[PDB]
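**Student:** This one is entry-v8.csv, CSV, C-alpha atoms and all ligand atoms.
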```csv
chain,number,residue,atom,x,y,z
N,4,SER,CA,-34.9,-15.3,-46.8
N,5,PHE,CA,-35.0,-18.6,-45.9
N,6,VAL,CA,-36.5,-21.8,-44.3
N,7,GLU,CA,-33.2,-23.4,-43.3
N,8,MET,CA,-32.7,-20.8,-40.5
N,9,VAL,CA,-36.2,-20.8,-39.2
N,10,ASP,CA,-36.1,-22.1,-35.5
N,11,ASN,CA,-32.3,-22.1,-35.4
N,12,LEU,CA,-32.3,-20.5,-32.0
N,13,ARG,CA,-32.8,-22.0,-28.5
N,14,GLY,CA,-32.2,-21.1,-24.9
N,15,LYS,CA,-33.3,-20.9,-21.3
N,16,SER,CA,-35.4,-18.1,-19.9
N,17,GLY,CA,-33.1,-15.2,-18.9
N,18,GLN,CA,-29.9,-16.9,-20.2
N,19,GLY,CA,-30.0,-15.7,-23.8
N,20,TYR,CA,-30.6,-17.2,-27.2
N,21,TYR,CA,-28.0,-19.3,-29.0
N,22,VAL,CA,-27.4,-20.6,-32.4
N,23,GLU,CA,-25.3,-23.6,-33.5
N,24,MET,CA,-22.0,-22.8,-35.1
N,25,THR,CA,-18.8,-24.7,-36.0
N,26,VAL,CA,-15.2,-23.4,-36.0
N,27,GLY,CA,-12.0,-25.0,-37.3
N,28,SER,CA,-11.0,-27.9,-39.6
N,29,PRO,CA,-12.4,-30.5,-38.9
N,30,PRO,CA,-15.5,-28.5,-37.7
N,31,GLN,CA,-16.0,-28.2,-33.9
N,32,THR,CA,-19.6,-27.6,-32.8
N,33,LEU,CA,-20.4,-24.9,-30.3
N,34,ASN,CA,-23.6,-23.2,-29.2
N,35,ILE,CA,-23.1,-19.4,-29.6
N,36,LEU,CA,-25.1,-16.7,-27.8
N,37,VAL,CA,-26.5,-14.2,-30.2
N,38,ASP,CA,-25.7,-10.6,-29.0
N,39,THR,CA,-26.6,-7.4,-30.8
N,40,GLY,CA,-25.2,-5.6,-27.7
N,41,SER,CA,-21.5,-6.2,-28.4
N,42,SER,CA,-19.1,-6.9,-31.2
N,43,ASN,CA,-16.8,-9.6,-30.3
N,44,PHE,CA,-17.0,-13.2,-31.4
N,45,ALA,CA,-15.5,-15.2,-28.4
N,46,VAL,CA,-15.6,-18.9,-27.2
N,47,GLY,CA,-14.7,-21.0,-24.4
N,48,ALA,CA,-11.2,-22.2,-25.3
N,49,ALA,CA,-10.3,-24.0,-22.0
N,50,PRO,CA,-12.0,-26.0,-19.2
N,51,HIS,CA,-14.5,-24.3,-17.0
N,52,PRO,CA,-16.9,-25.7,-14.4
N,53,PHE,CA,-19.8,-24.6,-16.5
N,54,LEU,CA,-18.6,-25.6,-20.1
N,55,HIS,CA,-19.5,-29.1,-21.5
N,56,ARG,CA,-17.1,-28.5,-24.4
N,57,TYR,CA,-14.8,-25.8,-25.8
N,58,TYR,CA,-12.7,-24.8,-28.8
N,59,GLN,CA,-9.4,-26.7,-29.2
N,60,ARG,CA,-7.1,-24.7,-31.3
N,61,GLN,CA,-4.4,-27.3,-31.6
N,62,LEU,CA,-7.0,-29.6,-33.1
N,63,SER,CA,-7.8,-27.2,-36.0
N,64,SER,CA,-5.7,-27.4,-39.2
N,65,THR,CA,-6.9,-23.8,-40.1
N,66,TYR,CA,-6.3,-21.9,-36.9
N,67,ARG,CA,-3.9,-18.8,-37.0
N,68,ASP,CA,-2.6,-17.0,-33.9
N,69,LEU,CA,-2.8,-13.2,-33.9
N,70,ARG,CA,-0.3,-13.0,-31.1
N,71,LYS,CA,-2.3,-10.4,-29.2
N,72,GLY,CA,-4.6,-10.7,-26.1
N,73,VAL,CA,-8.1,-9.4,-25.5
N,74,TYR,CA,-10.6,-8.9,-22.7
N,75,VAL,CA,-14.3,-7.7,-22.6
N,76,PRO,CA,-16.1,-6.4,-19.5
N,77,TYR,CA,-19.9,-6.6,-19.9
N,78,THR,CA,-22.5,-5.2,-17.5
N,79,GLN,CA,-21.6,-7.9,-14.9
N,80,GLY,CA,-19.5,-10.6,-16.5
N,81,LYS,CA,-16.1,-10.4,-18.3
N,82,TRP,CA,-13.7,-12.8,-20.0
N,83,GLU,CA,-10.2,-12.4,-21.4
N,84,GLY,CA,-8.2,-14.5,-23.9
N,85,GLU,CA,-6.3,-14.8,-27.1
N,86,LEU,CA,-7.0,-13.5,-30.5
N,87,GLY,CA,-6.8,-15.7,-33.6
N,88,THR,CA,-8.7,-16.3,-36.8
N,89,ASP,CA,-10.4,-19.5,-37.9
N,90,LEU,CA,-13.0,-20.8,-40.4
N,91,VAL,CA,-16.5,-20.5,-39.2
N,92,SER,CA,-20.0,-21.5,-40.3
N,93,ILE,CA,-23.5,-21.7,-39.2
N,94,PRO,CA,-25.1,-25.2,-39.9
N,95,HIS,CA,-28.7,-23.9,-39.9
N,96,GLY,CA,-27.6,-20.7,-41.6
N,97,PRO,CA,-26.6,-19.5,-45.0
N,98,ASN,CA,-24.5,-22.0,-46.9
N,99,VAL,CA,-21.1,-20.5,-46.3
N,100,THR,CA,-17.7,-20.5,-44.6
N,101,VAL,CA,-15.8,-17.5,-43.4
N,102,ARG,CA,-12.4,-16.8,-41.8
N,103,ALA,CA,-13.3,-14.6,-38.8
N,104,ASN,CA,-11.7,-13.1,-35.8
N,105,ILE,CA,-12.2,-15.3,-32.7
N,106,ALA,CA,-11.3,-14.6,-29.0
N,107,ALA,CA,-10.2,-17.9,-27.5
N,108,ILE,CA,-11.5,-17.4,-24.0
N,109,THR,CA,-8.8,-18.6,-21.3
N,110,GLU,CA,-10.2,-16.9,-18.2
N,111,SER,CA,-13.7,-15.6,-17.3
N,112,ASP,CA,-15.7,-14.3,-14.4
N,113,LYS,CA,-19.5,-14.5,-14.1
N,114,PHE,CA,-19.6,-15.0,-17.9
N,115,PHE,CA,-20.6,-18.6,-18.5
N,116,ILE,CA,-23.8,-19.6,-16.8
N,117,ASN,CA,-24.4,-22.9,-15.0
N,118,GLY,CA,-27.8,-23.9,-16.6
N,119,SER,CA,-26.4,-23.0,-20.0
N,120,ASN,CA,-25.8,-25.0,-23.1
N,121,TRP,CA,-23.8,-22.2,-24.8
N,122,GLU,CA,-20.1,-22.0,-25.0
N,123,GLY,CA,-19.4,-18.7,-26.7
N,124,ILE,CA,-20.9,-15.3,-27.9
N,125,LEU,CA,-21.5,-13.7,-31.2
N,126,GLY,CA,-21.3,-10.0,-31.0
N,127,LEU,CA,-23.3,-8.5,-33.8
N,128,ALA,CA,-23.0,-4.8,-33.3
N,129,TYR,CA,-20.5,-2.6,-35.1
N,130,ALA,CA,-16.6,-2.4,-35.2
N,131,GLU,CA,-16.7,0.8,-33.2
N,132,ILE,CA,-17.3,-1.0,-29.9
N,133,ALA,CA,-15.2,-4.0,-30.5
N,134,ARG,CA,-12.2,-4.9,-28.2
N,135,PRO,CA,-9.3,-4.4,-28.1
N,136,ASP,CA,-10.2,-1.7,-30.6
N,137,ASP,CA,-12.1,-1.0,-33.9
N,138,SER,CA,-9.5,-2.6,-36.2
N,139,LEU,CA,-10.8,-6.1,-35.0
N,140,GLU,CA,-13.4,-6.8,-37.8
N,141,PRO,CA,-16.6,-8.2,-36.3
N,142,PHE,CA,-18.0,-11.5,-37.5
N,143,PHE,CA,-21.0,-10.1,-39.4
N,144,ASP,CA,-18.6,-7.6,-41.2
N,145,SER,CA,-16.3,-10.5,-42.3
N,146,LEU,CA,-19.2,-12.7,-43.5
N,147,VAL,CA,-20.4,-9.8,-45.6
N,148,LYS,CA,-17.0,-8.8,-47.0
N,149,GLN,CA,-16.2,-12.4,-47.9
N,150,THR,CA,-19.5,-13.7,-49.3
N,151,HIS,CA,-22.6,-12.6,-51.2
N,152,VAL,CA,-24.7,-12.5,-48.1
N,153,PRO,CA,-26.7,-9.3,-48.0
N,154,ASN,CA,-25.9,-6.9,-45.1
N,155,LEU,CA,-29.1,-7.5,-43.0
N,156,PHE,CA,-30.2,-10.0,-40.4
N,157,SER,CA,-33.4,-10.5,-38.4
N,158,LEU,CA,-34.2,-11.9,-35.1
N,159,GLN,CA,-37.5,-13.5,-34.0
N,160,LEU,CA,-37.1,-14.3,-30.4
N,161,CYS,CA,-40.0,-16.3,-29.0
N,162,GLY,CA,-40.9,-16.6,-25.4
N,163,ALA,CA,-41.9,-20.3,-24.5
N,164,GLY,CA,-44.8,-20.6,-27.1
N,175,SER,CA,-37.3,-23.3,-22.7
N,176,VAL,CA,-37.3,-20.5,-25.4
N,177,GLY,CA,-36.7,-20.7,-29.2
N,178,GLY,CA,-36.6,-18.4,-32.2
N,179,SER,CA,-35.0,-17.6,-35.5
N,180,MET,CA,-32.0,-15.7,-36.8
N,181,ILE,CA,-32.3,-15.1,-40.4
N,182,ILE,CA,-29.0,-14.2,-41.8
N,183,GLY,CA,-29.1,-12.3,-45.0
N,184,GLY,CA,-32.7,-11.3,-45.1
N,185,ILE,CA,-36.2,-11.1,-44.0
N,186,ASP,CA,-38.5,-14.2,-43.9
N,187,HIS,CA,-42.1,-13.1,-44.5
N,188,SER,CA,-43.4,-16.1,-42.8
N,189,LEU,CA,-42.2,-14.8,-39.4
N,190,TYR,CA,-44.4,-11.8,-38.9
N,191,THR,CA,-47.8,-10.2,-39.8
N,192,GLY,CA,-48.8,-6.6,-40.5
N,193,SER,CA,-46.3,-4.0,-41.6
N,194,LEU,CA,-42.6,-3.7,-40.7
N,195,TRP,CA,-42.0,-0.3,-39.2
N,196,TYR,CA,-38.5,1.2,-39.3
N,197,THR,CA,-36.5,3.4,-37.0
N,198,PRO,CA,-33.1,4.9,-38.0
N,199,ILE,CA,-30.0,3.5,-36.5
N,200,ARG,CA,-28.7,6.8,-35.1
N,201,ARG,CA,-25.0,6.0,-35.3
N,202,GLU,CA,-23.2,2.8,-36.1
N,203,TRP,CA,-21.8,1.3,-32.8
N,204,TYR,CA,-24.5,-0.3,-30.6
N,205,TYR,CA,-27.8,-0.6,-32.4
N,206,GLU,CA,-28.6,2.9,-31.3
N,207,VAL,CA,-32.1,4.3,-31.8
N,208,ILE,CA,-34.3,7.2,-30.6
N,209,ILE,CA,-37.4,6.9,-28.4
N,210,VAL,CA,-39.5,10.0,-29.0
N,211,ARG,CA,-42.4,9.2,-26.7
N,212,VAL,CA,-43.5,6.9,-23.8
N,213,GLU,CA,-47.0,5.9,-22.7
N,214,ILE,CA,-48.2,3.4,-20.0
N,215,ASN,CA,-51.9,2.4,-20.4
N,216,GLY,CA,-52.2,5.3,-22.9
N,217,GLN,CA,-50.9,8.1,-20.5
N,218,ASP,CA,-48.0,10.0,-21.7
N,219,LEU,CA,-45.2,10.0,-19.2
N,220,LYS,CA,-44.7,13.6,-20.1
N,221,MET,CA,-40.9,13.8,-19.7
N,222,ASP,CA,-38.5,15.8,-21.9
N,223,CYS,CA,-37.9,13.2,-24.6
N,224,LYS,CA,-34.2,13.6,-24.0
N,225,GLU,CA,-34.6,11.6,-20.8
N,226,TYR,CA,-35.7,8.5,-22.6
N,227,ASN,CA,-32.4,8.5,-24.6
N,228,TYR,CA,-30.1,9.5,-21.8
N,229,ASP,CA,-27.4,8.8,-22.6
N,230,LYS,CA,-28.5,6.4,-25.4
N,231,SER,CA,-31.2,3.9,-26.3
N,232,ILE,CA,-30.1,0.6,-27.8
N,233,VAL,CA,-31.6,-2.7,-29.1
N,234,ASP,CA,-29.7,-5.5,-27.3
N,235,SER,CA,-30.6,-9.1,-27.6
N,236,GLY,CA,-27.9,-10.0,-25.1
N,237,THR,CA,-29.5,-8.2,-22.2
N,238,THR,CA,-32.6,-9.8,-20.8
N,239,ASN,CA,-34.6,-6.9,-19.3
N,240,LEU,CA,-36.0,-3.6,-20.3
N,241,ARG,CA,-33.5,-1.1,-18.7
N,242,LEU,CA,-34.5,2.5,-18.3
N,243,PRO,CA,-32.7,5.6,-17.2
N,244,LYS,CA,-33.1,6.4,-13.5
N,245,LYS,CA,-35.6,9.3,-14.1
N,246,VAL,CA,-37.6,7.2,-16.6
N,247,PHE,CA,-37.4,4.1,-14.4
N,248,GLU,CA,-38.8,6.0,-11.5
N,249,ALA,CA,-41.7,7.4,-13.5
N,250,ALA,CA,-42.5,3.9,-15.0
N,251,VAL,CA,-42.4,2.1,-11.8
N,252,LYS,CA,-44.5,4.8,-10.3
N,253,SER,CA,-47.4,4.3,-12.8
N,254,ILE,CA,-47.0,0.5,-12.9
N,255,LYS,CA,-47.3,0.5,-9.1
N,256,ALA,CA,-50.5,2.7,-9.2
N,257,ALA,CA,-52.1,0.6,-12.1
N,258,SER,CA,-51.6,-2.6,-10.0
N,259,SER,CA,-52.3,-1.0,-6.5
N,260,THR,CA,-55.3,-3.4,-6.0
N,261,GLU,CA,-52.6,-5.8,-5.0
N,262,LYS,CA,-49.3,-5.2,-3.0
N,263,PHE,CA,-45.8,-6.5,-3.5
N,264,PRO,CA,-42.5,-6.7,-1.8
N,265,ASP,CA,-39.9,-3.9,-2.6
N,266,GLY,CA,-37.4,-6.6,-3.7
N,267,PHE,CA,-40.0,-7.2,-6.4
N,268,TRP,CA,-39.8,-3.7,-8.0
N,269,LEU,CA,-36.0,-3.8,-7.6
N,270,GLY,CA,-35.9,-7.0,-9.7
N,271,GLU,CA,-34.8,-9.1,-6.8
N,272,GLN,CA,-37.4,-11.4,-5.5
N,273,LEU,CA,-40.1,-13.2,-7.4
N,274,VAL,CA,-43.9,-12.9,-6.9
N,275,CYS,CA,-46.4,-15.8,-7.0
N,276,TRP,CA,-50.1,-16.4,-7.7
N,277,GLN,CA,-52.2,-19.6,-7.9
N,278,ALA,CA,-51.5,-21.4,-11.2
N,279,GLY,CA,-53.8,-19.9,-14.0
N,280,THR,CA,-54.8,-16.9,-11.9
N,281,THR,CA,-52.0,-14.3,-12.5
N,282,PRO,CA,-53.9,-11.0,-12.7
N,283,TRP,CA,-52.6,-9.7,-16.1
N,284,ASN,CA,-55.3,-7.1,-16.4
N,285,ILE,CA,-54.0,-5.0,-13.5
N,286,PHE,CA,-50.6,-4.6,-15.1
N,287,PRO,CA,-50.5,-1.9,-17.7
N,288,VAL,CA,-49.3,-2.0,-21.4
N,289,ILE,CA,-46.1,0.1,-22.2
N,290,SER,CA,-45.9,2.0,-25.6
N,291,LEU,CA,-42.5,3.0,-26.9
N,292,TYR,CA,-42.7,5.5,-29.8
N,293,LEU,CA,-39.6,5.3,-32.1
N,294,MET,CA,-38.4,7.9,-34.6
N,295,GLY,CA,-39.6,7.0,-38.0
N,296,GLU,CA,-38.3,7.3,-41.6
N,297,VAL,CA,-40.1,10.4,-42.7
N,298,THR,CA,-40.1,13.9,-41.2
N,299,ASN,CA,-42.2,14.4,-38.1
N,300,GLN,CA,-43.2,10.7,-38.2
N,301,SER,CA,-42.8,7.9,-35.7
N,302,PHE,CA,-44.5,4.6,-34.8
N,303,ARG,CA,-45.2,2.7,-31.6
N,304,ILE,CA,-44.5,-0.7,-30.2
N,305,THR,CA,-46.7,-1.8,-27.4
N,306,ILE,CA,-45.3,-4.2,-24.8
N,307,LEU,CA,-47.7,-6.4,-22.6
N,308,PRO,CA,-47.1,-7.4,-18.9
N,309,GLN,CA,-46.5,-10.9,-20.2
N,310,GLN,CA,-43.2,-9.5,-21.6
N,311,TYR,CA,-42.0,-7.5,-18.6
N,312,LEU,CA,-43.1,-10.1,-16.0
N,313,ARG,CA,-40.7,-12.8,-16.9
N,314,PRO,CA,-41.7,-16.3,-15.7
N,315,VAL,CA,-39.3,-18.1,-13.2
N,316,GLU,CA,-39.9,-21.8,-12.2
N,323,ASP,CA,-47.7,-22.0,-8.9
N,324,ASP,CA,-47.1,-19.2,-11.4
N,325,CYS,CA,-44.0,-17.1,-10.4
N,326,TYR,CA,-42.3,-14.0,-12.0
N,327,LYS,CA,-39.6,-11.4,-11.8
N,328,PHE,CA,-40.1,-7.8,-12.7
N,329,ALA,CA,-38.1,-7.6,-15.9
N,330,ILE,CA,-37.6,-3.8,-16.0
N,331,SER,CA,-34.5,-2.4,-14.3
N,332,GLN,CA,-32.7,0.8,-13.5
N,333,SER,CA,-29.9,1.9,-15.8
N,334,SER,CA,-27.1,4.5,-15.6
N,335,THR,CA,-26.0,3.8,-19.2
N,336,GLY,CA,-29.3,4.6,-21.0
N,337,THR,CA,-32.2,2.6,-22.3
N,338,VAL,CA,-31.8,-1.0,-23.2
N,339,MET,CA,-34.4,-2.7,-25.2
N,340,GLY,CA,-33.5,-6.2,-24.2
N,341,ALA,CA,-34.7,-9.7,-25.0
N,342,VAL,CA,-38.0,-9.3,-23.3
N,343,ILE,CA,-38.9,-6.3,-25.4
N,344,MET,CA,-37.8,-8.1,-28.6
N,345,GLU,CA,-39.9,-11.2,-27.8
N,346,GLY,CA,-43.1,-11.4,-29.9
N,347,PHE,CA,-41.6,-8.9,-32.4
N,348,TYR,CA,-39.8,-9.6,-35.5
N,349,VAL,CA,-36.9,-7.2,-35.4
N,350,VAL,CA,-35.0,-6.5,-38.7
N,351,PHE,CA,-31.4,-5.2,-38.4
N,352,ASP,CA,-31.2,-3.6,-41.7
N,353,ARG,CA,-27.5,-2.5,-41.6
N,354,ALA,CA,-27.4,-1.8,-45.4
N,355,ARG,CA,-30.1,0.9,-44.9
N,356,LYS,CA,-29.1,2.1,-41.4
N,357,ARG,CA,-32.4,1.1,-39.9
N,358,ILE,CA,-34.1,-1.4,-37.6
N,359,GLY,CA,-37.6,-2.7,-38.5
N,360,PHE,CA,-40.3,-3.9,-36.0
N,361,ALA,CA,-43.3,-6.1,-36.9
N,362,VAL,CA,-45.7,-8.2,-34.7
N,363,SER,CA,-44.0,-11.7,-34.7
N,364,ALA,CA,-45.8,-15.0,-35.6
N,365,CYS,CA,-44.9,-16.1,-32.1
N,366,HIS,CA,-46.7,-13.2,-30.5
N,367,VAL,CA,-47.4,-13.1,-26.7
N,368,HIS,CA,-51.0,-13.9,-25.7
N,369,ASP,CA,-53.6,-12.0,-23.7
N,370,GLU,CA,-57.3,-12.8,-24.1
N,371,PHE,CA,-58.2,-9.1,-24.3
N,372,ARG,CA,-55.0,-7.1,-25.5
N,373,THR,CA,-52.2,-7.4,-28.1
N,374,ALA,CA,-48.7,-6.4,-28.6
N,375,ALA,CA,-48.7,-4.1,-31.6
N,376,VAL,CA,-46.5,-2.2,-34.0
N,377,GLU,CA,-48.6,0.8,-35.1
N,378,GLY,CA,-48.2,3.7,-37.3
N,379,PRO,CA,-47.8,6.3,-38.5
N,380,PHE,CA,-47.8,8.9,-35.7
N,381,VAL,CA,-46.9,12.6,-36.0
N,382,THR,CA,-44.2,13.7,-33.5
N,383,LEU,CA,-42.6,17.3,-33.6
N,384,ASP,CA,-38.9,18.0,-33.0
N,385,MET,CA,-37.8,14.3,-32.8
N,386,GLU,CA,-34.3,15.6,-33.5
N,387,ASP,CA,-34.5,17.1,-30.0
N,388,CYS,CA,-34.9,13.7,-28.4
N,389,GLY,CA,-31.3,12.6,-29.1
N,390,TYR,CA,-28.9,13.1,-26.2
N,391,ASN,CA,-26.0,15.4,-27.3
T,401,LIG,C1,-26.1,-8.7,-19.5
T,401,LIG,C2,-25.0,-8.4,-20.4
T,401,LIG,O1,-24.0,-7.8,-20.1
T,401,LIG,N1,-25.1,-8.9,-21.7
T,401,LIG,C3,-24.0,-8.8,-22.6
T,401,LIG,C4,-23.9,-10.2,-23.3
T,401,LIG,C5,-23.6,-11.2,-22.1
T,401,LIG,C6,-24.5,-12.3,-22.0
T,401,LIG,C7,-24.3,-13.2,-20.9
T,401,LIG,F1,-25.2,-14.3,-20.7
T,401,LIG,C8,-23.3,-13.0,-20.0
T,401,LIG,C9,-22.4,-11.9,-20.2
T,401,LIG,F2,-21.3,-11.8,-19.2
T,401,LIG,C10,-22.6,-11.0,-21.3
T,401,LIG,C11,-24.3,-7.8,-23.6
T,401,LIG,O2,-23.2,-7.6,-24.5
T,401,LIG,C12,-24.6,-6.4,-23.0
T,401,LIG,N2,-24.5,-5.4,-24.0
T,401,LIG,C13,-24.2,-4.1,-23.5
T,401,LIG,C14,-22.7,-3.9,-23.1
T,401,LIG,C15,-21.7,-4.3,-23.8
T,401,LIG,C16,-20.5,-4.1,-23.1
T,401,LIG,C17,-19.1,-4.5,-23.7
T,401,LIG,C18,-18.5,-3.5,-24.7
T,401,LIG,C19,-19.4,-3.3,-25.9
T,401,LIG,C20,-18.2,-2.2,-23.9
T,401,LIG,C21,-17.1,-4.0,-25.1
T,401,LIG,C22,-20.6,-3.5,-21.9
T,401,LIG,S1,-22.3,-3.2,-21.6
T,401,LIG,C23,-24.8,-2.8,-24.1
T,401,LIG,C24,-25.2,-3.3,-22.7
```
Go ahead and render the structure in this file as structure tokens.
**Tutor:**
Amino acid sequence: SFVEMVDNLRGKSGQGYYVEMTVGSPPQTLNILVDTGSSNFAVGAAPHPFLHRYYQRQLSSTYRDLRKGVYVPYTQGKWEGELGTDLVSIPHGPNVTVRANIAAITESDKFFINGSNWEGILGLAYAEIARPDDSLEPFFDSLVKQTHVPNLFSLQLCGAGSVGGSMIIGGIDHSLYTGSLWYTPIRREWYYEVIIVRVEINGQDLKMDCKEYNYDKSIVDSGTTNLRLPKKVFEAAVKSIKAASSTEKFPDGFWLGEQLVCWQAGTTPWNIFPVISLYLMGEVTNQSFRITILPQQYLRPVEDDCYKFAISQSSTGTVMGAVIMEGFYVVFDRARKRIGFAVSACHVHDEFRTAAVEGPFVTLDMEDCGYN
């Protein structure tokens, strides 16, 4: 649901995906990063070395001040600014205009990125995690309350098939995937929180208490680049990934996500890097499904062929970031408290292996896999 939004995303590797928006009357055009890992809609509203444009409130006939300040601290970066409401629309989007909350960003630190082409962020997760508090209605919530747009969006993030993709607001576009959608419950409405019931690398169960995979949570987050795994899980995965690829040897800064590794163009040894299967809780009792990630997703290319290890240690739970979401079509079915995965039409290539969404699997005591 529908052709107008196909290919409405762009970006640079490791700097997120953005969609074109306009705010104010007359309309001012900004590129906005699409972030299911937070819930604030915020935009450059003042000069910055890295911004090529920004939101000019005084130039907008429709702007209203909320006379209240705001700040948001992300994993690394943070911004603060001023709350208002203005009229907002997505040009390659549904055909509508909403009055939404906007944080006019006045100061920032390590937020905007030099390469960038985006001037703001669209937090698509739920009011619970919004700043300054849950009474600040998120953008998707206002678009739903104010229009007829169904309460569902879908993200097809593609990986260089200078990245691109689609954000279908309001529905599912059957032209963007193959095979069956498989759905996992949204465990609680705050982040897009899910439960991982099993983990296998090259078909070997990690054999951990399934609570460790969700410790203290597992989320789907398009605003975080890497797959981020709890310490105990990170250690076990890097252990098997090391051993699968031991034929060759790598700097330590490589496994820590720091320094790139290189091979002669067209000779990257993909076969020595294992596939990772994440099993998600399903819709029916004792039933789950798996997504399989290929090394082409977790060895993210940096500009010979050169890559960073795109899995990292977490102390805040599992993060399924952009590299996991790439080559899947991921449906955020808020209306039904579920997230659907299918093989995307921009799926990642290997000459001998494929990324897959497969089910059904039987898995006992999936309830026990949730932390607390
Ligand atoms: C890398 C990163 O941090 N990405 C930002 C998006 C981003 C992209 C970018 F290019 C630059 C940034 F500074 C931020 C994304 O929201 C991360 N989502 C999560 C967190 C959100 C928050 C804020 C709350 C929800 C507590 C208010 C803290 S961790 C769950 C992990």
**Student:** Neighbours of ligand LIG 401 (chain T) at 6 Å or closer, counting all atoms listed in the file: which residues, as a list in words?
**Tutor:**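 Written in the requested form, the residues are residues 18, 19, 38, 40, 41, 75, 76, 77, 78, 79, 80, 81, 114, 132, 133, 134, 236 and 237 of chain N.
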**Student:** Here is a test: counting all atoms listed in the file, which residue of N:96, N:50, N:243, N:30 is nearest to residue 6 (chain N)?
**Tutor:** N:96
**Student:** So, with all atoms listed in the file as the atoms that count, which of N:109, N:157, N:61, N:290 lies closest to residue 217 (chain N)?
**Tutor:**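 Under the stated criterion, the closest residue is N:290.
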**Student:** Nearest to residue 303 (chain N): which of N:113, N:252, N:211, N:366 is it, counting only C-alpha atoms?
**Tutor:**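 Among the listed residues, the smallest separation from residue 303 (chain N) belongs to N:211.
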**Student:** Give me the residues near residue 34 (chain N) as a PyMOL selection string, where near means some atom within 12 Å (using only C-alpha atoms) and where sequence neighbours in that chain fewer than 4 positions away do not count.
**Tutor:** chain N and resi 11-14+19-26+45-47+54-58+92-95+119-125
**Student:** Between N:307, N:91, N:233, N:293, which is the closest to residue 371 (chain N) once you count all atoms listed in the file?
**Tutor:** N:307
**Student:** Between N:63, N:309, N:299, N:149, single out the one closest to residue 101 (chain N), counting all atoms listed in the file.
**Tutor:**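 Between N:63, N:309, N:299, N:149, the residue approaching residue 101 (chain N) most closely is N:149.
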**Student:** Between CA of residue 199 (chain N) and CA of residue 138 (chain N), measure the distance and give it in Å to one decimal.
**Tutor:**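 Going from CA of residue 199 (chain N) over to CA of residue 138 (chain N) covers 21.4 Å.
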**Student:** How big is the axis-aligned box around the listed atoms of region 219-232 of chain N once 5 Å is added on each side, and where is its centre? Give both in Å to one decimal, as JSON.
**Tutor:**
```
{"center_x": -36.3, "center_y": 8.2, "center_z": -23.5, "size_x": 27.8, "size_y": 25.2, "size_z": 18.6}
```
**Student:** List the spatial neighbours of residue 270 (chain N) as an MDAnalysis selection string - criterion: any atom at most 7 Å away, all atoms listed in the file, same-chain residues fewer than 5 positions off excluded.
**Tutor:** chainID N and resid 327:329 331
**Student:** Determine, using only C-alpha atoms, which residues of region 298-371 of chain N have any atom at most 10 Å from an atom of region 379-390 of chain N, and tabulate each with its shortest atom pair and distance in Å to one decimal place, rows ordered by chain and then rising number, as a Markdown table.
**Tutor:**
```
| residue | atom | partner | partner_atom | distance |
| --- | --- | --- | --- | --- |
| N:298 | CA | N:381 | CA | 8.7 |
| N:299 | CA | N:382 | CA | 5.1 |
| N:300 | CA | N:381 | CA | 4.7 |
| N:301 | CA | N:380 | CA | 5.1 |
| N:302 | CA | N:379 | CA | 5.2 |
| N:303 | CA | N:380 | CA | 7.9 |
| N:336 | CA | N:390 | CA | 10.0 |
```
**Student:** Let me make sure I understand: among N:228, N:360, N:66, N:267, which one has the smallest atom-to-atom distance to residue 28 (chain N) if we use all atoms listed in the file?
**Tutor:**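 Distance minimum relative to residue 28 (chain N) lands on N:66.
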**Student:** Which polymer residues have any atom within 9 Å of an atom of residue 284 (chain N), counting all atoms listed in the file, with same-chain residues fewer than 2 positions away left out, as a PyMOL selection string?
**Tutor:** chain N and resi 258+281-282+286-287+308+369+371
**Student:** Would you pick out the contacts of residue 197 (chain N) at 6 Å or less, using all atoms listed in the file, so that residues sharing its chain but fewer than 2 positions from it are not included, and give the list as a PyMOL selection string?
**Tutor:** chain N and resi 294-295+357-358
**Student:** Counting only C-alpha atoms, find the residues whose atoms lie at most 9 Å from (-38.2, -13.1, -36.9) (file coordinates) and write them out as a list in words.
**Tutor:**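 Returned residue set, sorted by chain then number, is residues 9, 157, 158, 159, 160, 161, 178, 179, 180, 181, 185, 186, 187, 188, 189, 190, 346, 347, 348, 349, 350, 361, 363, 364 and 365 of chain N.
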**Student:** Have a look at CA of residue 84 (chain N) and CA of residue 131 (chain N) and let me know their distance in Å, one decimal.
**Tutor:** 19.8 Å
**Student:** Any chance you could export region 296-301 of chain N with N, CA and C atoms, as a compact mmCIF listing (two decimals), in the first residue's frame?
**Tutor:**
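Final output, saved to part-v4.txt:
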```
# COMPACT_ATOMS: atom_id res chain seq x y z
N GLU N 296 3.54 -16.49 16.63
CA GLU N 296 2.20 -16.02 16.96
C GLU N 296 1.40 -17.09 17.65
N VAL N 297 1.87 -18.32 17.64
CA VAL N 297 1.02 -19.44 18.04
C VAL N 297 1.81 -20.15 19.13
N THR N 298 1.14 -20.97 19.96
CA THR N 298 1.85 -21.44 21.13
C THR N 298 2.94 -22.43 20.76
N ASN N 299 4.07 -22.33 21.48
CA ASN N 299 5.21 -23.17 21.21
C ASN N 299 5.86 -23.06 19.78
N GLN N 300 5.67 -21.93 19.12
CA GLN N 300 5.99 -21.77 17.72
C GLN N 300 6.78 -20.49 17.56
N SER N 301 7.82 -20.59 16.75
CA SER N 301 8.78 -19.55 16.44
C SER N 301 9.18 -19.66 14.95
```
